[PDB]
Amino acid sequence: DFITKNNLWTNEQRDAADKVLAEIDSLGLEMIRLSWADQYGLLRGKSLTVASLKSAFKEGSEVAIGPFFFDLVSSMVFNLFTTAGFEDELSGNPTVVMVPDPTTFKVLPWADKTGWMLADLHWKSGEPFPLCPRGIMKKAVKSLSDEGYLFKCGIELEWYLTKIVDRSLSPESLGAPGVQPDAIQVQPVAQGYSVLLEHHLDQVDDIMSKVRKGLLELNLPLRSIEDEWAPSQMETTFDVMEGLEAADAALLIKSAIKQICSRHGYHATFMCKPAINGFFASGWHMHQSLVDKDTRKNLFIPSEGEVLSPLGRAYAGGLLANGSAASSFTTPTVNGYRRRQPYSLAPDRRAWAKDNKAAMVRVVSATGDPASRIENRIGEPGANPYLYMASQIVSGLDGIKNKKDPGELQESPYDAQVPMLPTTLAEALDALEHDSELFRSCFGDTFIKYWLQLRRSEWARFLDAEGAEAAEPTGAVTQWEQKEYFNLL
Amino acid sequence: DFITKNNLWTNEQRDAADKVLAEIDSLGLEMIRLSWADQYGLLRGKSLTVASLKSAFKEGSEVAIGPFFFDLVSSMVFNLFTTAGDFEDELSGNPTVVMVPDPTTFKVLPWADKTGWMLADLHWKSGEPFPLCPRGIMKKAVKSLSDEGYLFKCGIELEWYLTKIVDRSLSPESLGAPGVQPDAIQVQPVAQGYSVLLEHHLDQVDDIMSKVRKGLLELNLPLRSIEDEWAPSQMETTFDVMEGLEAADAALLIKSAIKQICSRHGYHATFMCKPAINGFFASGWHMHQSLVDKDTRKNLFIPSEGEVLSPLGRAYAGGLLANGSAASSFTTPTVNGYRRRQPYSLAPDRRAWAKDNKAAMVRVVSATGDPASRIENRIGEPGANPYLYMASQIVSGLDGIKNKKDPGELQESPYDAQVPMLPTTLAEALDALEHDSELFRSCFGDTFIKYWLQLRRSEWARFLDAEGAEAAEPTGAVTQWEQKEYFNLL
Ligand SMILES: Nc1ncnc2c1ncn2[C@@H]1O[C@H](COP(=O)(O)OP(=O)(O)O)[C@@H](O)[C@H]1O
Ligand SMILES: Nc1ncnc2c1ncn2[C@@H]1O[C@H](COP(=O)(O)OP(=O)(O)O)[C@@H](O)[C@H]1O
Ligand SMILES: C[S@](=O)(CC[C@H](N)C(=O)O)=NP(=O)(O)O
Ligand SMILES: C[S@](=O)(CC[C@H](N)C(=O)O)=NP(=O)(O)O
Ligand SMILES: [Mg+2]
Ligand SMILES: [Mg+2]
Ligand SMILES: [Mn+2]
Ligand SMILES: [Mn+2]
Ligand SMILES: [Mn+2]
Ligand SMILES: [Mn+2]
């Protein structure tokens, strides 16, 4: 019993495991997917039979770390054939153990008799695997809990709904290791640039009603479905969730949207800005408040003369001060930097403002209002949820602990004289490299080295394919971006 | 609790909220839409889950005012990125407002999956009403009329086009851009025409029209008649008398339901006045209106033996006529609607009233002692914003009542009357409003009028740059700009 021997499950987790096995027998489920987010936030793993899952509830399930050493097209960035003497060399294909987390169990409503659960990656020694994004989120959550606070997050996701025309499965379109396969061919499902039009919601509801039902059956706190600005651009928002549960929920939300749509011949994409005429950039704005661990009261609520409590003001200051170093985490994709431009309802600057969607940090609050909170509009829909939320926790807590000041609330953020944000992924990586202390301390030195190496390899690929001129945010979306992100994100 | 704090719900509304939640639970609904009319009369908003709606019955639901600062194709007319120090003076920024649900408007949408529907009033986070909300302008008109002791009674008679969709124009090359018109939906007529009121036409189109009929009846809208209008595929739907804000709400829902049901079955219903399709003649929205007593609920327009209307109704008509040019942009808000401002079209080109003559702006339908006695204002277009159209009527008529204005002589031949001509272009309607702005600045609000003038002139400049002055003349052919501006959404 690997799990008990290394005391990897709390009592809550073990009892949850008992009730999960009961639900599996009662429903007659036949498969249970055991998955974990990779560096890109994509779910990787295996589907197990009932017997194999009950065995994994004791021994775990051995898996290889290959995904971490691959980019999205399986370029070998770190050599996988040499057993290392690991955290210093980042080489080899060592085996890790998927340790199931029973509290995350779900029945997938769109699949045949299939359940679903996340796993934490552990060395066979029993120590956590240092590249696991979920582990990084757990570390951030624990540091926040050590400071006496809980992270409350409202998930607000923009994405694109399209109808599949060709799945690009012909042999000649499959690429190779390090060679992008062809993008799926699609057709928009509705005109746009008539924001929040009810008729648009009705027009697409033959499929969106299935997405809605799937989310509701997964017991996710769906809050709203909305027609976004662009043609076929949708928005789904969720009620407030807390910490690790919130990150897991975002992961499942994106997975479920994509799988339901594909099951009915649609392609949902969280690629920031697809290379399709008429498609405007999508954003992932992170609504966030801190509550007291004990009182469970929103500690961002302002007084009469304030936009935020002094605690929320310092949290905003930390968000702004670290927004450049954290850019590669909030906006991991090269195509996410298409949003780094003015007059776009997306931030190009490290500025905060009250109820102004031109700013990076938008304060939504009223005196005494427990909904008072920060909206960070820097994120992209394809961000790894664990890294996005952990970067937010780390930045805000750095602001609180070092009592950093956000400065003046900016009326007219796009004319503000504040430090500019990175305009390319390379700039974001540069910003992290030269200001790495906070994230090396909180995310881990080994992880930051691995991250820098991998993301720079991807940037070199993009630059080799398209050239430097293309990186310009206002430029047209390149085919490299489409063939890197459209299918999988 | 935003709603209770600012005393935004009456007791009737709170009771309705309780029953709305009970019906939602009993029917097992999963989504409830919260919608509101924008400046154009188009429903904007969100679809909420049950839990989120239950929260919105206490705190409301935040939204941005973006729609008000966009035109139909999302040209940014007002800077949305500089927050204003004084919003009503600068009209800039993207401030947040609160959708406050109105539980008395709740409906189950019969054509959708487990979906309810409700209107919301936009309120500042301070708790004050949002000054550009069309429903608020109507609420203000209903209040001013009630203060004088009268109730607005309106019979909705909308004309519209029913076509079958051939191509939804969803190819990426057809989607447009911010401020750039997308391609019009391609359609096909459903029946020949120029055989007015033919029963066989009604039967021919009834495979879908029966669905529209059932949808309207299940929404408890007081449908009165379905009729074959003159042109090929031109329909008419009329409704029994409704009152004030409820009448405006009903018109809005009526148009929304017609369009959604038709689209659900592969048809396109359009309230664009005159589509750029060969053979399609202009559609009209004639507003039938009477005033009743707030207490006796008896028609105060009913004439005596030697009169076509009571003195109140004759003074109400005078107010309509005197202010008909200033109100033109409200009754006839689209460029395309001014294709009706021509002299032998059963549509008005002049500020004249007449008894039972459909050539005049104001047609009096009455008989001595007949509670059906009323005024028909034939100036409106089907694509009008119901709130602004009905409110313009209330405002003009009450102005006529208070100034005891004389409608003048009933015109036997309204198209030969030597009376002021009505504006022939949207630009002219805006000029007329600007030069005669007192009444509508006072009753609709000064900020709303400044905003309206700026927005509509920006749209007119777009049309003029795209088609030229030669095109504006009413009898000219309908331009591609008009089709691509109005066909899909109106
Ligand atoms: N105290 C809070 N802390 C964090 N998020 C919150 C809080 N209260 C509400 N939210 C969240 O804020 C989000 C609002 O989404 P949305 O209505 O799209 O905002 P906007 O469109 O103005 O950015 C929801 O995800 C909701 O869960
Ligand atoms: N007292 C009244 N006040 C306002 N409208 C009325 C009154 N009595 C009847 N109506 C309305 O008059 C309209 C008649 O429509 P219709 O017969 O199509 O008009 P038309 O005579 O122009 O063809 C209906 O909408 C009906 O509700
Ligand atoms: C209306 S928008 O500002 C659109 C944002 C844009 N798609 C972007 O962030 O790139 N999102 P929201 O109003 O929900 O906060
Ligand atoms: C037969 S008609 O006179 C023609 C109306 C025309 N479509 C118009 O443009 O106003 N309308 P209605 O019967 O409702 O009075
Ligand atoms: Mg939003
Ligand atoms: Mg009629
Ligand atoms: Mn949005
Ligand atoms: Mn947002
Ligand atoms: Mn007619
Ligand atoms: Mn009529």
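Counting starts at 1 for both ligands and their atoms, in listed order. Just so it is clear: chains get the letters A, B, ... in the order the sequence lines come, proteins before strands, and each one is counted from 1.
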Taking distance alone, with no angle check, do [X] and ligand 1 share an N/O pair under 3.5 Å?
X: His285(A); answer: no
X: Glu156(A); answer: yes
X: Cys153(A); answer: no
X: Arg223(A); answer: yes

Is it the side chain, the backbone, both or neither of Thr96(B) that has a heavy atom closer than 4.0 Å to ligand 1?
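It is neither; nothing of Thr96(B) touches ligand 1.
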Specify side chain, backbone, both or neither for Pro370(A), according to which of its non-hydrogen atoms lie closer than 4.0 Å to ligand 1.
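The answer is the backbone of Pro370(A).
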Got the closest protein heavy atom to [atom], with its distance?
atom: atom 22 (O) of ligand 1; result: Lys357(A) NZ, 3.0 Å
atom: atom 23 (O) of ligand 1; result: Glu375(A) OE2, 2.7 Å
atom: atom 7 (N) of ligand 4; result: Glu159(B) OE1, 2.8 Å
atom: atom 3 (N) of ligand 1; result: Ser289(A) OG, 2.9 Å
atom: atom 8 (C) of ligand 4; result: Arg340(B) NE, 3.7 Å
atom: atom 12 (P) of ligand 4; result: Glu236(B) OE1, 3.6 Å
atom: atom 11 (C) of ligand 1; result: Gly154(A) CA, 3.8 Å
atom: atom 25 (O) of ligand 1; result: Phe238(A) O, 2.9 Å
atom: atom 3 (O) of ligand 4; result: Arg378(B) NH2, 3.1 Å

Without swapping roles, check the side chain of [X] against the backbone of [Y] for a donor-acceptor pair under 3.5 Å.
X: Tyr338(B); Y: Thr332(B); result: yes
X: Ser233(B); Y: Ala191(B); result: yes
X: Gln289(B); Y: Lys153(B); result: no
X: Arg362(A); Y: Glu375(A); result: no
X: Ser373(B); Y: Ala367(B); result: yes
X: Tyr389(B); Y: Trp285(B); result: yes
X: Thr334(B); Y: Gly337(B); result: yes
X: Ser413(B); Y: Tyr415(B); result: no
X: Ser392(B); Y: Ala327(B); result: no

Looking from the Mn ion (ligand 10), what is the angle between OE1 on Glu157(B) and OE2 on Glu376(B), to the nearest 10°?
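The angle at the Mn ion (ligand 10) comes to 110°, rounded to the nearest 10°.
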Looking at non-hydrogen atoms alone, which of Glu62(B), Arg377(A), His287(A), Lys46(B) comes nearest to atom 19 (O) of ligand 1?
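Nearest option to atom 19 (O) of ligand 1, by heavy atoms: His287(A).
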Identify which of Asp355(A), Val240(A), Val63(B) has a heavy atom lying nearest to atom 6 (C) of ligand 1.
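Minimum heavy-atom distance to atom 6 (C) of ligand 1 goes to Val240(A).
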Electrostatic pair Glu198(A):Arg33(B) at N-O distance under 4.0 angstrom:
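Here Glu198(A) pairs with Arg33(B) in a salt bridge, since their nearest N and O are under 4.0 Å apart.
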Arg44(B) and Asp38(B) ion-paired at < 4.0 Å
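Yes, this pair counts.
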Check each atom of ligand 1 against the heavy atoms of [X] and keep those under 4.0 Å away; list them by number with element.
X: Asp239(A); value: 27 (O)
X: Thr237(A); value: 18 (O)
X: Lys152(A); value: 4 (C)
X: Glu235(A); value: 18 (O)
X: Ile155(A); value: 25 (O)

Assess the residue pair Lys358(B) and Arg378(B) against the criterion (side chain to side chain contact (heavy atoms under 4.5 Å, CB included)); give the C-alpha distance rounded to whole Å, side-chain angles, the decisive distance to 0.1 Å, and a yes or no.
CA-CA 8 Å; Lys358(B) 287 174 166 191; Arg378(B) 299 176 73 80; 3.3 Å; yes
Quick one: which ligand 4 atoms are inside 4.0 Å of a heavy atom on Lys358(B)?
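With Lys358(B) as reference, the close atoms of ligand 4 come out as 3 (O), 12 (P), 13 (O), 15 (O).
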In terms of atom number and element, which parts of ligand 4 are under 4.0 angstrom from non-hydrogen atoms of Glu229(B)?
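So the answer, numbered in order with elements, is 1 (C), 2 (S), 4 (C), 5 (C), 11 (N).
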Could you tell me whether some N/O pair between [X] and ligand 4 is separated by less than 3.5 angstrom?
X: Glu157(B); value: yes
X: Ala282(B); value: yes
X: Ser345(B); value: no

From the N, O or S atoms in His286(B), identify the one nearest to the Mn ion (ligand 10).
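The nearest such atom is ND1.
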Given the side-chain rings of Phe130(B) and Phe68(B), with only the six-membered ring counted for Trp, is the space between their centroids under 6.0 Å?
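Ring centroids of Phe130(B) and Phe68(B) are less than 6.0 Å from each other.
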List the atom of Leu299(A), the atom of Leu311(A), and the distance in Å for their closest heavy-atom pair.
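Looking at all heavy atoms of both residues, the shortest contact is CB-CD2, 3.4 Å.
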Taking all non-hydrogen atoms of both residues into account, name the closest pair between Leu244(A) and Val141(A) and its distance.
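So the two residues come closest at N-CG2, 4.0 Å.
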I'd like to know if the Mn ion (ligand 10) has an N/O/S atom from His288(B) within less than 2.8 Å of it, counting both backbone and side-chain atoms.
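No, outside the cut-off.
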Within the 4.5 Å heavy-atom criterion, are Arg339(B) and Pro474(B) side-chain neighbours or not?
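They are not in side-chain contact.
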Determine whether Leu215(A) and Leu252(A) make a side-chain contact, defined as any pair of heavy atoms from C-beta on separated by less than 4.5 Å.
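Counting from C-beta outward, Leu215(A) and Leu252(A) never come under 4.5 Å.
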If you measure from each heavy atom of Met241(A) to ligand 1, is any distance below 4.0 Å?
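Contact absent.
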Would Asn298(A) count as a contact of ligand 1 if the rule is a heavy atom under 4.0 Å away?
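Distance cut 4.0 Å: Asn298(A) fails for ligand 1.
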Can you tell me if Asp349(B) and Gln342(B) form a side-chain donor-acceptor pair at under 3.5 Å?
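No, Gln342(B) and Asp349(B) have no side-chain donor paired with an acceptor closer than 3.5 Å.
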